[PDB]
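Below: one structure, written as structure tokens.
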Amino acid sequence: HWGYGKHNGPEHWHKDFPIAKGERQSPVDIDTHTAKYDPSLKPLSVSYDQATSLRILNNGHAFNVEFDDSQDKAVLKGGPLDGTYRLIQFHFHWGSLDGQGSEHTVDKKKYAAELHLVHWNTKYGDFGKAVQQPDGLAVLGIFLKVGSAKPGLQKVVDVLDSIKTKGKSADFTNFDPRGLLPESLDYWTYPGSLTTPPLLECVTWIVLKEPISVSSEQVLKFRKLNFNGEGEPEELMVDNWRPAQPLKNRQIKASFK
Ligand SMILES: On1ccc(C(F)(F)F)cc1=S
Ligand SMILES: [Zn+2]
């Protein structure tokens, strides 16, 4: 099945998921000089005060921190969005080395990791119906660079030992995702897709300009996770990022001058 190795990695995905070569695939390189400022964009509204985290799962490709999305509790609205999008989970993509790991790049620069906070458009009722629509998801993408530790990330890092292999989960209540945000909500936005199979073209991407800093010890602990299941040969969970895809007929808009 699909993965990130030589024989099942991004260059193979198109055979099972032909939309891999579609018209609005993600990630992309963000050319800062050509992303035009759009004064019609609204500020982004990130309302996470009432977020209810439930569980953390190693899914064999990344780890997901899952939220109760049965009520409007943690929502994204404003910016390029029409309507209200409800947080369902966040995850990261990261590298084997600090010099790679992010999926979006900025003038070809790769960051050490990228955080994706996934939200679905509540006009569609649930996540499953939202991923059948071209405006079904909004993903807030935040870059990670290695420097100072991010204190708000340490509860995630400290639980990873309990979910080392594919299929493991752990209780993960009362985690506050506000502690993962940078100071600025300046962003770039464009229409795209999930960056993992099934690569669905549902996503309004909102990529924050300001990275957060994590420590080398924090990211090292992400790199001790395993793609394999318990009892299988160890394959470290590293380099679970898809490279930049053709921009095609899309414009990337900036929320800031
Ligand atoms: O990487 N990744 C994996 C899953 C999902 C979704 F939307 F399906 F939840 C989004 C992304 S970016
Ligand atoms: Zn992702």
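Numbers here are sequence positions counted from 1. Atoms within a ligand are numbered from 1 in the order they appear, just like the ligands themselves.
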Sub-4.0 Å heavy-atom approach of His93 to ligand 1: yes
Nearest protein heavy atom with distance in Å, relative to atom 12 (S) of ligand 1: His116 ND1, 3.3 Å
Residue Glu11 excluded, over 12 heavy atoms near CD under 6.0 Å: no
Ligand-side contact atoms (ligand 1) for residue partner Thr196, heavy atom cut-off under 4.0 Å: 1 (O), 2 (N), 3 (C), 4 (C)
Residues, nucleotides or ligands: over 12 heavy atoms within 6.0 Å of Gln251 CD: no
Shortest non-hydrogen separation from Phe92 to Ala62 and the atoms involved: O-CB, 3.7 Å
Proximity of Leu137 to ligand 1 by residue part, where a heavy atom lies under 4.0 Å: side chain
Neighbour count above 12 (heavy atom, 6.0 Å) for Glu234 CD: yes
Top protein contact for atom 2 (N) of ligand 1, by heavy-atom distance: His91 NE2, 3.2 Å
Atoms of ligand 1 close to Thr195 [distance to a heavy atom under 4.0 angstrom, numbered from 1]: 1 (O), 12 (S)
Angle subtended at the Zn ion (ligand 2) by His116 ND1 and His91 NE2, rounded to 10 degrees: 110°
Side chain, backbone, both or neither: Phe92 near ligand 1, heavy atoms under 4.0 Å: neither
Atom 7 (F) of ligand 1: the protein heavy-atom neighbour that sits closest, reported with distance to 0.1 Å: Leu194 CD2, 3.2 Å
Closest heavy-atom pair and its distance - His91, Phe63: CB-O, 3.1 Å
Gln89-ligand 1 polar pair, N/O distance under 3.5 Å: no
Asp31, CG atom: more than 12 neighbouring heavy atoms under 6.0 Å: yes
Considering all heavy atoms, the nearest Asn58-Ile163 contact: ND2-O, 3.1 Å
Side chain to side chain, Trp188 and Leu208, heavy atoms closer than 4.5 Å: no
Any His61 heavy atom less than 4.0 Å to ligand 1: no
